[PDB]
Amino acid sequence: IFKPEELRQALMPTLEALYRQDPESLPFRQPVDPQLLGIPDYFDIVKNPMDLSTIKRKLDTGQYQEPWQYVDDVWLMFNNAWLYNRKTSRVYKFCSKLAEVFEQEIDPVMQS
Ligand SMILES: CCOc1ccc(C(C)=O)cc1NC(=O)c1cccc(C(=O)O)c1
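Anchor point for the sequence shown: position 19 equals 1102 in the deposited numbering, and the numbering is continuous, going up by one each time.
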């Protein structure tokens, strides 16, 4: 059993860690807009879009009852980017960096 605000305080530093990464978090800070980004097939491929702003809003409105639900949304965001983008993409490579940062940050948090 987790109290939403307690979980939020525990998890927020990990989300902050992602946001802190500049430029690597920039493609992830707002929801993908396929028309703006010149990726018109995006919503065909990515059925379950996720971004940092969405994760933050879920965290802030207590929609994560349990820490793995948060972790699952972070990895959803990563997996979407790896799925849509080519390995040669700026976004793909940025995503890989974010995943490294996240793993490094979420580990000591889950322990606590
Ligand atoms: C131009 C392609 O832009 C993207 C393509 C795919 C994705 C995902 C998350 O799959 C995201 C983006 N967006 C960006 O790269 C982006 C958007 C806004 C700003 C910046 C930036 O680096 O300043 C970068």
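All C-beta atoms in this analysis are idealised placements derived from N, C-alpha and C, irrespective of residue type, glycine included.
Does the beta-carbon distance from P1132 to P1114 come in below 8 Å? Contact: yes.
Assuming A1093 and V1184 make a contact with CB atoms under 8 Å, what is their CB distance in whole Å? For a cut-off of 8 Å, the C-beta gap from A1093 to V1184 is around 17 Å, too long to register as a contact.
Candidates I1084, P1087, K1130, of which the one nearest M1160 by Cα: It is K1130.
Which whole-angstrom value is the C-beta distance of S1108 and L1101, which I expect to be below 8 Å? So it is a contact: roughly 5 Å between Cβ atoms.
What does a CB cutoff of less than 6 Å around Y1153 pick up in its chain, not counting 5 residues either side in sequence? Counting only Cβ-Cβ distances below 6 Å, and skipping sequence neighbours, we find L1094, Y1147.
Output needed for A1182: all residues of its chain with C-beta closer than 6 Å, excluding positions within five of it in sequence on either side, in chain order. Within its own chain, the residues whose Cβ lies closer than 6 Å to the Cβ of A1182, once the five positions on either side in sequence are excluded, are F1161, listed in chain order.
So, using beta-carbon positions, are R1112 and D1143 closer together than 8 Å? Against a cut-off of 8 Å, the Cβ pair of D1143 and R1112 comes out as no contact.
So the alpha helix (DSSP H) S1136 belongs to, where does it begin and stop? Note, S1136: alpha helix (DSSP H), 1135-1143.
In whole angstroms, what is the alpha-carbon distance linking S1195 and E1188? Answer to the nearest angstrom: the Cα atoms are 12 Å apart.
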